[PDB]
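Novice: The structure under discussion is supplied below as structure tokens; questions concerning it will follow.
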Amino acid sequence: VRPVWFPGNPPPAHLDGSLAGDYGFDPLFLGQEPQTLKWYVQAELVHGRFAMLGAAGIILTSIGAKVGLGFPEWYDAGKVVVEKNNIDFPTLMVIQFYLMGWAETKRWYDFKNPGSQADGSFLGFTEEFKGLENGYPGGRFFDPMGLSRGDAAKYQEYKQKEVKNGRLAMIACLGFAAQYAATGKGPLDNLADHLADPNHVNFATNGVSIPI
Amino acid sequence: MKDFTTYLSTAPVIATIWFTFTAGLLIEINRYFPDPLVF
Amino acid sequence: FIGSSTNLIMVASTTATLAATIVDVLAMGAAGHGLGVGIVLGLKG
Amino acid sequence: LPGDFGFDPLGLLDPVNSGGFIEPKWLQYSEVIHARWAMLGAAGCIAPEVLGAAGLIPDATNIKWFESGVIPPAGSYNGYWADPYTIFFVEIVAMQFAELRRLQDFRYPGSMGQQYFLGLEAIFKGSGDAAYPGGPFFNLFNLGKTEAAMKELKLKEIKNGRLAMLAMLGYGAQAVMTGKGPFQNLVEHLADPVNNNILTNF
Amino acid sequence: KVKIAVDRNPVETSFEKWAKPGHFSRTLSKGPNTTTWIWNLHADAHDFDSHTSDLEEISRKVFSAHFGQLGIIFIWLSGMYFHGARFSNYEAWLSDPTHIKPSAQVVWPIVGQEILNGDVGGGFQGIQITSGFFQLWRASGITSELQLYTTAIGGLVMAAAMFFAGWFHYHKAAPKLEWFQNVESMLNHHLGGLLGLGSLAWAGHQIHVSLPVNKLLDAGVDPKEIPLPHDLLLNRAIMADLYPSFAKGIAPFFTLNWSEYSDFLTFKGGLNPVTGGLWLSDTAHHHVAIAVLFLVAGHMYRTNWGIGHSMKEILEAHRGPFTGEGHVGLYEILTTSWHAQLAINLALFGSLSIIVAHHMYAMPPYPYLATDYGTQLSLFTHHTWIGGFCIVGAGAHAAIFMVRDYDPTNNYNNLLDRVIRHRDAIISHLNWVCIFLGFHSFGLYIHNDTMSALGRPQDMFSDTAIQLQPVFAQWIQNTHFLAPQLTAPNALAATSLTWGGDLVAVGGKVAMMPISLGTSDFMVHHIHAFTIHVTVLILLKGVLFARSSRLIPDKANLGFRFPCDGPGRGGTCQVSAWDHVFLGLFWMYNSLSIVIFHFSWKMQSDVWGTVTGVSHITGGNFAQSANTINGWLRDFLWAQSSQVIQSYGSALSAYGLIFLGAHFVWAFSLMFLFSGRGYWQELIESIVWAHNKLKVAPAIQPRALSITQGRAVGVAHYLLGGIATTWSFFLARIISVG
Ligand code: CLA
Ligand code: CLA
Ligand code: CLA
Ligand code: CLA
Ligand SMILES: CC1=C[C@H](O)CC(C)(C)[C@H]1/C=C/C(C)=C/C=C/C(C)=C/C=C/C=C(C)/C=C/C=C(C)/C=C/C1=C(C)C[C@H](O)CC1(C)C
Ligand SMILES: CC1=C[C@H](O)CC(C)(C)[C@H]1/C=C/C(C)=C/C=C/C(C)=C/C=C/C=C(C)/C=C/C=C(C)/C=C/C1=C(C)C[C@H](O)CC1(C)C
Ligand SMILES: CC1=C(/C=C/C(C)=C/C=C/C(C)=C/C=C/C=C(C)/C=C/C=C(C)/C=C/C2=C(C)CCCC2(C)C)C(C)(C)CCC1
Ligand code: SF4
């Protein structure tokens, strides 16, 4: 009935279609347990949201870098930010791990106890750190514009769009990494090189992707 | 998948994983701290 | 090559084995080729 | 059943205690798949030589079939719109789609008419029989409306296909041994039938 | 009717039975109560006869098991090629084989083990290998690391295909029993297709790739400058430039004018003088002949057509007056009992490996092999050990047949029955001849020791005192040296330099010279005969008395593997056939250790060495020293262990460490061999009390090892210790003085 990633095969029994982006893609059966599938749903959402955020950073910085605005390419940006400003590397690393460990540990112990971070123990806040679903923590802070509580069918549509754009940005970020590992260039430089000669500048001309 | 993790919970598999972890931890210590005799 | 010594020995061996189904044709033709190669390479010594 | 002349000396259509890829359902279906690919292979390996012979295509093309870039040690034509690996990835994606949807209709009969494929679902409903889907595109014209006419057309497809499979094996052996194209072998066997045979080219 | 017979989907692919240890045995699936269970779980894991009585399921299990083994071996070969391509000095070695040491293992720089990466030459540092892969790769025409890498990927792909084939032919499409019982068809297909097409395709590879590349390598042209093999296949004009026969093509083949192929299909004999290996043209002709012979042999047995022999008819046709029914019933035995087949195949496979060792030392088939003394010693020793182990295995599985599969109500007055029926005569005669051999062979050594110690060397058995010349072996040697003149007219030289003749040297080292045979060789050969006869005595007694003896009339009901039948009737320890395999293992170790010592000392003394005359590695001391035990003790063991004992602080230090470790393991075995599990069980009782006192007693009850497991652990550590000792000794010695 519903579209499967591989037409003809039935979906597995643990993938029903309740999840956003549920195409029955589990050939290694990594999520047969419901708790492990719950944990993997939240890991998929976190990887997807970081990949969307990082991929928009890649694209905007590369658009600003090809046109002569002085922006670095993303494999040089951390070095030129640490060296341009007087920023020491390890202190910014440790402050990042402080803030990220605070937020991520709150998310961890809200997965472990599914309503517990809204007890008022953090500063005075209550029900603004209560979650709504697994990986969907919409209150007043995380959903300030308030789209998860009106037009619930449209909210399911946004869940589908969020998972699809997130998978697309994950394979896009893997693309940036492998693309730079082969070509040694920024990504929109590679896009301009593909627009110059499409028939002759591609992955079958590097000598790396197919070494024959 | 439950049965595969039950098999991974068996004694020689866990002994292999744990001795790989312990031996690798000792190997990394002896790499970054070469030849400790005292302290 | 047609009409030489080796040609006549091979044809004579194949007719001598086929004179003595598709399976019988294959078996006696393989035996005739073996016997003929033996006689040809043995009359060189 | 199409092409059932009883020629099975090694007994591979035995239904008793069969399994794996040796089954009548897999063997007849692979027989017609090899037959159709070999008909296309025979026509495609002849056609540049006879169209260069008739003077229809230029002499920059009309090369021998093994010099196309199939075997770049045996010669490769430069003048395609891309490198042959750029061609080959398009071939990978395209044949993966085609062959893989065909596999799914073999393993699950009729399964290619439900999930959305840009409106192309009534075309791939298939039949209750592999190797002969039909529908609006695989059988465009209603050819074989009579069941006896359908059997006769299946038998003609079998015989033309087996002849083309023998022809493609002949193109391979001929291309290795004499190093020339098959139409060149036609010209040399029709010029001197006695002095240009397999017995001469040893 | 021979046909494909297969059952569809017998066993579901599921991780369920992975999570239930001992599922295969009704006794072991109950779970563990004592520690004995674990050992039982691993000991009976692959004993498929104890799993099911159904021959079909057993046959399927062994088939997929064999596929697993082949996939493992393909992983191993893949590894060797990959390590030869990425972590070796193979190309550098190709440029200078006589002064670069073959190395294909490198160690990481941690805890000081980096010292093992020694100066092997070629601007490389690693462990010098003695497996001989470099010579095999040069002989095959490989020149670059890329080709080795491609071979590694190919072998990995083939390993994946073999594991898929195993899973497929056990879980998806598993053959029926009457498929496995088509033994006539199996012999036809393996003799034609495997050996025949194997050697045909290899001769194809040789004639088309090996010969030109190695002819250019012997010519002296730089390896990178040599044309790639596909250019040798593609442009036949180059093949005609090296050997003009190739200009005429395959026209002399079909017209039977085969004499024109004498450029690359030769009968030279001897060795390539600039290379020290057999002529690849001789090897090509050899593999072509072998191919044609086996393809002829593979059309012998009747399958789906009238022509062809029938195995049961040939067996039942050979009956005489002395043997009664003769070979009747043997076909039924060898088509229903896997253990009988395994015994035959193990015996011939071991013997074949020993023949491989002798023929590969005597007639070096690879280029720059004879002068890589470490490789020669390693290969000979290795394949001799493998051989011996497979022979002991043959005796083991023969006995297992005798206990589990033997059934005399289909086997009544037969060859096997008469053997069982005069076993006392057989064993008593073997007993006597073993004592005779022991007395006179070993007694000559003790006699010599006594005479030498008493200051009377003129009374010894030696070449200058009382001589015992090997007249028969010398006559066969002389005859085989004179063979090219009269009884083999088309041979240019003899098949091996050791028969007699000149001397082939490469890079200043002796590749092979004529081997002389004197009193010492007479004495060691009769020592070999003695030890082999004793080993045969133990194993054969084990198989003949496996079912019954005057001591234990109902031994068959006690099984193949059991400790004893109690201290009564005087004592019945080690009455089982398994225990006869256990003793045969020790005696096999004894025999083959004396064999490899013979080979090592003799090669270093009378064959190997440098050419200035020839200066041998030990100066030729064999002929005078190998007649006393003190001579072996001092001039072989004591003298040649200098290199191993002073290997510390260099790249050979690992051989010293494994020398000590192997001595340790050998001694460690004696605790298991000399003791018994009653003492150990009581000791474990005391220790268990101590654990109970501190609430750390395990729920799985600590048990001492079984009697038979004590013996098994004993013999395994004994063999590992001794063999590894001789390994470290040999390798350190021959790498340092080579
Ligand atoms: C089959 C025989 C074989 C043997 C004896 C070796 C031996 C070696 N290899 Mg080679 N290798 C082989 C085949 C082999 N290789 C093959 C087939 C390939 C191609 C894939 C390679 C590719 C290769 C590379 C690229 C390298 C080596 C290296 C080495 C050396 C160090 C290995 C190491 O420390 O790994 C690391 C140790 C581990 C990964 C231990 C983890 C073991 C896990 C935890 C066990 C878990 C149990 C589990 C249930 C079973 C395993 C399942 C499996 C699918 C993971 C060692 C000499 C290294 C070397 O030579 O350095 C100079 C090196 O860089 N090998
Ligand atoms: C002429 C065809 C042929 C060939 C080449 C072989 C070869 C082999 N068989 Mg035999 N087998 C055959 C026909 C053949 N078989 C027939 C007709 C029967 C039924 C009567 C059997 C019944 C049989 C049994 C019961 C067993 C074998 C086993 C073996 C292997 C022995 C191990 C070895 O030393 O090889 C050296 C190794 C190699 C040369 C590796 C290369 C192997 C590849 C796959 C080429 C072999 C061709 C293969 C048969 C084609 C398979 C096509 C498949 C996709 C359908 C060897 C690979 C034993 C085995 O080990 O099974 C795993 C075994 O137990 N065979
Ligand atoms: C058994 C292994 C083996 C193999 C594979 C070869 C192979 C070859 N030999 Mg060799 N040869 C061998 C053993 C072998 N030989 C032995 C044992 C001897 C000693 C007697 C020789 C002595 C010898 C000589 C003297 C010569 C050769 C030559 C050749 C080459 C051409 C032969 C030919 O014309 O065949 C006939 C053609 C075929 C069999 C064609 C194969 C069938 C094709 C591939 C079928 C393709 C069909 C398919 C449908 C088409 C592709 C479609 C696809 C693209 C989609 C060929 C590479 C010649 C050469 O070139 O030397 C460099 C040559 O002069 N051989
Ligand atoms: C070096 C120690 C040693 C010695 C001398 C022996 C000796 C023997 N073993 Mg034993 N064996 C050994 C180690 C040894 N084994 C070990 C470690 C094991 C455990 C694995 C075994 C397990 C074993 C098995 C399973 C078997 C033997 C058998 C034999 C006998 C072989 C028959 C023979 O050749 O008689 C000749 C006698 C000798 C070679 C001994 C030395 C004789 C001297 C040199 C001459 C005698 C004259 C003497 C000096 C006169 C003394 C006079 C004085 C008293 C006044 C022989 C007595 C086999 C057997 O009995 O079957 C026939 C047999 O089947 N042994
Ligand atoms: C599902 C399943 C199921 C079955 O069972 C099995 C299998 C099949 C296995 C599976 C699959 C899987 C997969 C495919 C995965 C993938 C993933 C990924 C790719 C991720 C990424 C992911 C990715 C990510 C996160 C990313 C992120 C990124 C980022 C942040 C970036 C950043 C940056 C920037 C801005 C710029 C600067 O200057 C620098 C940097 C810093 C660089
Ligand atoms: C009947 C029977 C029965 C019994 O039971 C058993 C037995 C005997 C086994 C059986 C037999 C069988 C047989 C004979 C078979 C054969 C086959 C073949 C030949 C195939 C081919 C087959 C073939 C094929 C497909 C082919 C295809 C081809 C192709 C596509 C081609 C293409 C092409 C072209 C166009 C052109 C360009 O240039 C490119 C290329 C690329 C080159
Ligand atoms: C009667 C008749 C007829 C006729 C027919 C015919 C004419 C047939 C022929 C047939 C034939 C004509 C056959 C043949 C065959 C042959 C074969 C089948 C061969 C084979 C070969 C082989 C197998 C070889 C082998 C070898 C080699 C490879 C090398 C080494 C040596 C040898 C020699 C062993 C007709 C129809 C007209 C009419 C009706 C009646
Ligand atoms: S227990 Fe050990 S010793 Fe006592 S009889 Fe059985 S085997 Fe011999």
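By convention in this document, the chains of the structure tokens carry letters A, B, ... by their order, each chain's residues are numbered from 1, and ligands are numbered from 1 in the order they are shown.
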9 Å from ligand 1 is the threshold here; counting only C-alpha atoms and all ligand atoms, which polymer residues fall inside it? Answer as JSON, numbers by chain.
Specialist: {"B": [8, 12, 13, 14, 16, 17, 18, 19, 20, 21, 24], "E": [72, 73, 74, 75, 76, 77, 78, 79, 80, 81, 82, 83, 86, 87, 104, 105, 106, 107, 108, 152, 153, 155, 156]}
Novice: Just the selected residues (N, CA and C atoms), exported as a short mmCIF file (atom, residue, chain, number, x, y, z; two decimals), in the first residue's frame, please.
Specialist:
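As a result, selection_15.cif now contains:
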```
data_model
loop_
_atom_site.label_atom_id
_atom_site.label_comp_id
_atom_site.auth_asym_id
_atom_site.auth_seq_id
_atom_site.Cartn_x
_atom_site.Cartn_y
_atom_site.Cartn_z
N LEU B 8 26.26 -12.51 20.88
CA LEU B 8 27.35 -11.62 21.25
C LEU B 8 27.55 -11.55 22.76
N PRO B 12 32.94 -16.67 24.92
CA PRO B 12 34.16 -16.40 24.14
C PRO B 12 34.10 -15.11 23.34
N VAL B 13 32.91 -14.68 22.92
CA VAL B 13 32.78 -13.42 22.18
C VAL B 13 33.07 -12.24 23.09
N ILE B 14 32.52 -12.24 24.30
CA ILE B 14 32.77 -11.18 25.26
C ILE B 14 34.22 -11.21 25.75
N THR B 16 36.72 -12.16 23.91
CA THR B 16 37.46 -11.61 22.78
C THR B 16 37.37 -10.09 22.74
N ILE B 17 36.15 -9.55 22.87
CA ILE B 17 35.93 -8.10 22.85
C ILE B 17 36.64 -7.43 24.02
N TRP B 18 36.55 -8.04 25.21
CA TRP B 18 37.11 -7.44 26.41
C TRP B 18 38.63 -7.51 26.42
N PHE B 19 39.21 -8.61 25.93
CA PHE B 19 40.66 -8.68 25.87
C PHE B 19 41.21 -7.84 24.73
N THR B 20 40.42 -7.64 23.66
CA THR B 20 40.81 -6.68 22.63
C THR B 20 40.82 -5.26 23.19
N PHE B 21 39.81 -4.92 24.00
CA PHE B 21 39.75 -3.61 24.64
C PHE B 21 40.90 -3.42 25.63
N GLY B 24 44.27 -3.37 23.71
CA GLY B 24 44.40 -2.12 22.97
C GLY B 24 44.63 -0.93 23.87
N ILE E 72 37.96 -20.06 3.97
CA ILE E 72 39.04 -19.69 4.89
C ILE E 72 40.39 -19.70 4.18
N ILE E 73 40.66 -20.75 3.40
CA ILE E 73 41.92 -20.86 2.67
C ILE E 73 42.03 -19.72 1.65
N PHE E 74 40.92 -19.38 0.99
CA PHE E 74 40.93 -18.25 0.06
C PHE E 74 41.21 -16.92 0.78
N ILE E 75 40.69 -16.76 2.01
CA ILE E 75 41.04 -15.59 2.83
C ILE E 75 42.53 -15.55 3.11
N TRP E 76 43.10 -16.72 3.42
CA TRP E 76 44.53 -16.85 3.69
C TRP E 76 45.38 -16.49 2.48
N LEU E 77 45.05 -17.05 1.31
CA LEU E 77 45.76 -16.71 0.07
C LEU E 77 45.64 -15.23 -0.27
N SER E 78 44.43 -14.67 -0.12
CA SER E 78 44.20 -13.24 -0.32
C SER E 78 45.12 -12.42 0.56
N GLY E 79 45.25 -12.82 1.82
CA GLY E 79 46.14 -12.15 2.75
C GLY E 79 47.59 -12.20 2.32
N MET E 80 48.04 -13.37 1.87
CA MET E 80 49.43 -13.51 1.45
C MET E 80 49.74 -12.63 0.25
N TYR E 81 48.84 -12.60 -0.74
CA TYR E 81 49.05 -11.73 -1.90
C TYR E 81 49.00 -10.26 -1.52
N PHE E 82 48.04 -9.87 -0.66
CA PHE E 82 47.93 -8.47 -0.24
C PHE E 82 49.17 -8.04 0.54
N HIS E 83 49.65 -8.90 1.44
CA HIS E 83 50.85 -8.57 2.20
C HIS E 83 52.08 -8.58 1.29
N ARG E 86 51.64 -4.96 -0.62
CA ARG E 86 51.66 -3.73 0.15
C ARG E 86 52.80 -3.66 1.15
N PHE E 87 53.13 -4.78 1.78
CA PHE E 87 54.15 -4.77 2.82
C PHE E 87 55.30 -5.70 2.48
N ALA E 104 58.03 -10.17 3.64
CA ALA E 104 56.66 -9.73 3.41
C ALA E 104 55.89 -9.58 4.72
N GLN E 105 56.57 -9.29 5.82
CA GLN E 105 55.91 -9.00 7.09
C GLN E 105 56.71 -7.90 7.77
N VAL E 106 56.02 -6.87 8.24
CA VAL E 106 56.62 -5.75 8.94
C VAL E 106 55.90 -5.59 10.26
N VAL E 107 56.62 -5.18 11.30
CA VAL E 107 56.03 -4.99 12.61
C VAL E 107 55.95 -3.50 12.90
N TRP E 108 55.00 -3.14 13.73
CA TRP E 108 54.80 -1.77 14.16
C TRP E 108 55.83 -1.36 15.22
N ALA E 152 44.89 -10.49 -4.79
CA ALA E 152 44.36 -10.47 -3.43
C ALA E 152 42.86 -10.17 -3.42
N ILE E 153 42.44 -9.16 -4.19
CA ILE E 153 41.01 -8.83 -4.31
C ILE E 153 40.24 -10.01 -4.90
N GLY E 155 41.02 -13.24 -4.78
CA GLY E 155 40.91 -14.30 -3.78
C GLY E 155 39.94 -13.97 -2.67
N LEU E 156 39.81 -12.69 -2.32
CA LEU E 156 38.81 -12.29 -1.33
C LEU E 156 37.40 -12.48 -1.87
#
```
Novice: Counting only C-alpha atoms and all ligand atoms, what are the residues, protein, DNA or RNA alike, that approach ligand 4 to within 7 Å? I want them as an NGL selection string.
Specialist: :E and (431-432 or 434-439 or 442-443 or 446 or 534 or 537-538 or 583-584 or 586-587)
Novice: Please produce a file of the residues just selected, as a compact mmCIF listing (two decimals), in the first residue's frame, where the atoms kept are C-alpha atoms.
Specialist:
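Saved the output as out-v2.txt:
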```
# COMPACT_ATOMS: atom_id res chain seq x y z
CA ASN E 431 56.17 -56.60 16.43
CA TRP E 432 59.15 -58.89 15.71
CA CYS E 434 60.12 -53.68 14.72
CA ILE E 435 62.28 -55.18 17.49
CA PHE E 436 64.74 -56.54 14.88
CA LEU E 437 65.01 -53.14 13.17
CA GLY E 438 65.40 -51.37 16.52
CA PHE E 439 68.14 -53.72 17.73
CA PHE E 442 70.03 -48.36 16.89
CA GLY E 443 72.54 -50.96 18.11
CA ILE E 446 75.36 -47.57 20.42
CA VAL E 534 56.80 -48.84 14.76
CA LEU E 537 52.54 -51.04 14.27
CA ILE E 538 50.79 -48.74 16.80
CA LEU E 583 50.81 -42.99 20.94
CA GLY E 584 51.14 -43.00 17.14
CA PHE E 586 54.25 -39.30 19.65
CA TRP E 587 56.01 -41.87 17.46
```
Novice: Using only C-alpha atoms and all ligand atoms, determine which residues fall within 6 Å of ligand 7, then list them as a count of residues only.
Specialist: 8
Novice: Ligand 8: which residues are within 9 Å, counting only C-alpha atoms and all ligand atoms, as a VMD selection string?
Specialist: chain E and resid 562 to 568 571 to 575 676 to 678 707 to 708
Novice: Could you give me, as a PyMOL selection string, each residue of stretch 166-411 of chain E that DSSP assigns to helix (DSSP H, G or I) when run on this structure's backbone?
Specialist: chain E and resi 166-172+177-180+183-219+223-225+229-234+236-242+244-247+251-254+258-261+280-297+311-317+330-333+338-362+373-404
Novice: Give as a short mmCIF file (atom, residue, chain, number, x, y, z; two decimals) with N, CA, C and O atoms, in the first residue's frame the residues surrounding ligand 3 up to a distance of 7 Å, considering only C-alpha atoms and all ligand atoms.
Specialist:
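What follows is the written file out31.cif:
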```
data_model
loop_
_atom_site.label_atom_id
_atom_site.label_comp_id
_atom_site.auth_asym_id
_atom_site.auth_seq_id
_atom_site.Cartn_x
_atom_site.Cartn_y
_atom_site.Cartn_z
N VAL D 70 34.27 -1.97 -26.18
CA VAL D 70 33.97 -3.12 -25.33
C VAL D 70 35.26 -3.67 -24.74
O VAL D 70 35.37 -3.90 -23.53
N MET D 168 26.06 -15.34 -32.13
CA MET D 168 26.90 -14.49 -31.29
C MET D 168 28.11 -15.25 -30.77
O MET D 168 29.21 -14.68 -30.67
N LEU D 169 27.94 -16.54 -30.45
CA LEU D 169 29.09 -17.39 -30.16
C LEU D 169 30.02 -17.49 -31.37
O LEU D 169 31.26 -17.51 -31.22
N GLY D 170 29.45 -17.52 -32.57
CA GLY D 170 30.26 -17.51 -33.77
C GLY D 170 31.01 -16.21 -33.98
O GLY D 170 32.14 -16.21 -34.47
N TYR D 171 30.38 -15.09 -33.63
CA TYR D 171 31.04 -13.79 -33.72
C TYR D 171 32.21 -13.73 -32.76
O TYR D 171 33.27 -13.20 -33.10
N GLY D 172 32.04 -14.28 -31.55
CA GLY D 172 33.14 -14.31 -30.60
C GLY D 172 34.31 -15.16 -31.05
O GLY D 172 35.46 -14.71 -31.04
N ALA D 173 34.03 -16.40 -31.49
CA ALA D 173 35.10 -17.30 -31.92
C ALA D 173 35.77 -16.80 -33.20
O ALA D 173 37.01 -16.80 -33.31
N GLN D 174 34.96 -16.32 -34.12
CA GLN D 174 35.49 -15.75 -35.34
C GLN D 174 36.30 -14.49 -35.04
O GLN D 174 37.31 -14.24 -35.70
N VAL D 176 38.00 -13.74 -32.31
CA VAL D 176 39.27 -14.10 -31.68
C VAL D 176 40.22 -14.70 -32.70
O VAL D 176 41.39 -14.32 -32.78
N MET D 177 39.73 -15.64 -33.52
CA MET D 177 40.65 -16.45 -34.31
C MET D 177 41.16 -15.73 -35.55
O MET D 177 42.37 -15.73 -35.83
N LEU E 200 45.52 -28.26 -17.60
CA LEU E 200 45.41 -27.73 -18.95
C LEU E 200 45.43 -26.21 -18.95
O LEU E 200 46.19 -25.59 -19.70
N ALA E 201 44.59 -25.60 -18.12
CA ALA E 201 44.55 -24.15 -18.00
C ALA E 201 45.84 -23.60 -17.42
O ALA E 201 46.26 -22.50 -17.78
N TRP E 202 46.50 -24.36 -16.54
CA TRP E 202 47.77 -23.87 -16.02
C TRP E 202 48.85 -23.93 -17.09
O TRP E 202 49.67 -23.01 -17.18
N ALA E 203 48.89 -25.02 -17.87
CA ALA E 203 49.81 -25.09 -19.00
C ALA E 203 49.53 -23.98 -20.01
O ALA E 203 50.46 -23.45 -20.63
N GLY E 204 48.25 -23.60 -20.15
CA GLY E 204 47.88 -22.46 -20.98
C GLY E 204 48.50 -21.18 -20.47
O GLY E 204 49.12 -20.43 -21.23
N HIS E 205 48.34 -20.92 -19.17
CA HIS E 205 48.92 -19.75 -18.53
C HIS E 205 50.44 -19.76 -18.65
O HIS E 205 51.05 -18.71 -18.86
N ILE E 207 52.54 -21.40 -20.97
CA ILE E 207 52.94 -21.21 -22.37
C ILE E 207 52.66 -19.78 -22.83
O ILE E 207 53.46 -19.19 -23.58
N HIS E 208 51.60 -19.16 -22.32
CA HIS E 208 51.25 -17.85 -22.83
C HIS E 208 51.79 -16.69 -22.00
O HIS E 208 51.94 -15.59 -22.54
N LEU E 232 51.43 -9.90 -24.67
CA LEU E 232 51.98 -11.16 -25.16
C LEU E 232 50.89 -12.02 -25.79
O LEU E 232 51.13 -12.72 -26.78
N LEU E 233 49.67 -11.99 -25.22
CA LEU E 233 48.56 -12.68 -25.86
C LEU E 233 48.12 -11.99 -27.14
O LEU E 233 47.78 -12.65 -28.13
N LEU E 234 48.11 -10.66 -27.13
CA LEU E 234 47.47 -9.89 -28.19
C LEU E 234 48.31 -9.89 -29.47
O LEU E 234 47.80 -10.20 -30.55
N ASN E 235 49.59 -9.54 -29.36
CA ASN E 235 50.48 -9.48 -30.51
C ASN E 235 51.38 -10.72 -30.55
O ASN E 235 52.43 -10.77 -29.90
N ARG E 236 50.96 -11.71 -31.34
CA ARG E 236 51.65 -12.99 -31.51
C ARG E 236 53.01 -12.85 -32.21
O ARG E 236 53.84 -13.76 -32.11
N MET E 239 55.64 -13.18 -29.58
CA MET E 239 55.77 -14.60 -29.26
C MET E 239 56.58 -15.33 -30.31
O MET E 239 57.34 -16.25 -29.99
N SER E 245 58.06 -20.83 -33.39
CA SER E 245 56.96 -21.77 -33.53
C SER E 245 55.61 -21.05 -33.51
O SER E 245 54.68 -21.43 -34.24
N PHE E 246 55.48 -20.04 -32.64
CA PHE E 246 54.24 -19.28 -32.49
C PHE E 246 53.84 -18.53 -33.76
O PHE E 246 52.68 -18.10 -33.85
N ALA E 247 54.75 -18.35 -34.72
CA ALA E 247 54.39 -17.73 -35.99
C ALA E 247 53.40 -18.58 -36.76
O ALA E 247 52.48 -18.06 -37.40
N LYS E 248 53.57 -19.90 -36.70
CA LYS E 248 52.70 -20.83 -37.41
C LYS E 248 51.36 -21.03 -36.73
O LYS E 248 50.46 -21.62 -37.33
N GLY E 249 51.21 -20.56 -35.49
CA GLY E 249 49.93 -20.63 -34.83
C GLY E 249 49.60 -22.03 -34.35
O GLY E 249 50.47 -22.80 -33.93
N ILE E 250 48.32 -22.37 -34.44
CA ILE E 250 47.83 -23.63 -33.91
C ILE E 250 47.68 -24.59 -35.09
O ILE E 250 47.11 -25.68 -34.97
N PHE E 253 49.37 -27.90 -34.39
CA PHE E 253 48.64 -28.70 -33.41
C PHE E 253 47.59 -29.59 -34.07
O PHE E 253 47.57 -30.80 -33.85
N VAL E 288 51.00 -30.08 -19.94
CA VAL E 288 50.18 -30.46 -21.10
C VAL E 288 49.96 -31.97 -21.13
O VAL E 288 48.83 -32.45 -21.32
#
```
Novice: Pull out every residue of chain C that has at least one atom within 12 Å of chain D, counting only C-alpha atoms, and report them as an MDAnalysis selection string.
Specialist: chainID C and resid 1:2 22:23
Novice: Using only C-alpha atoms and a distance of at most 6 Å, pull out the residues of chain E that contact chain B, as a VMD selection string.
Specialist: chain E and resid 15 to 16 18 to 19
Novice: Since we have the selection now, will you write its residues out, keeping N, CA, C and O atoms, as a short mmCIF file (atom, residue, chain, number, x, y, z; two decimals), in the first residue's frame?
Specialist:
```
data_model
loop_
_atom_site.label_atom_id
_atom_site.label_comp_id
_atom_site.auth_asym_id
_atom_site.auth_seq_id
_atom_site.Cartn_x
_atom_site.Cartn_y
_atom_site.Cartn_z
N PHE E 15 19.28 -16.63 13.64
CA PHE E 15 20.23 -16.46 14.74
C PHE E 15 19.80 -17.16 16.02
O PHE E 15 20.50 -17.02 17.03
N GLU E 16 18.68 -17.89 16.00
CA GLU E 16 18.16 -18.56 17.20
C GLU E 16 19.13 -19.58 17.77
O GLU E 16 19.45 -19.55 18.96
N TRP E 18 22.27 -19.88 17.29
CA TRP E 18 23.52 -19.27 17.74
C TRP E 18 23.45 -18.93 19.23
O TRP E 18 24.47 -18.98 19.92
N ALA E 19 22.27 -18.59 19.71
CA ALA E 19 22.04 -18.19 21.09
C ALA E 19 21.78 -19.37 22.02
O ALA E 19 21.46 -19.16 23.19
#
```
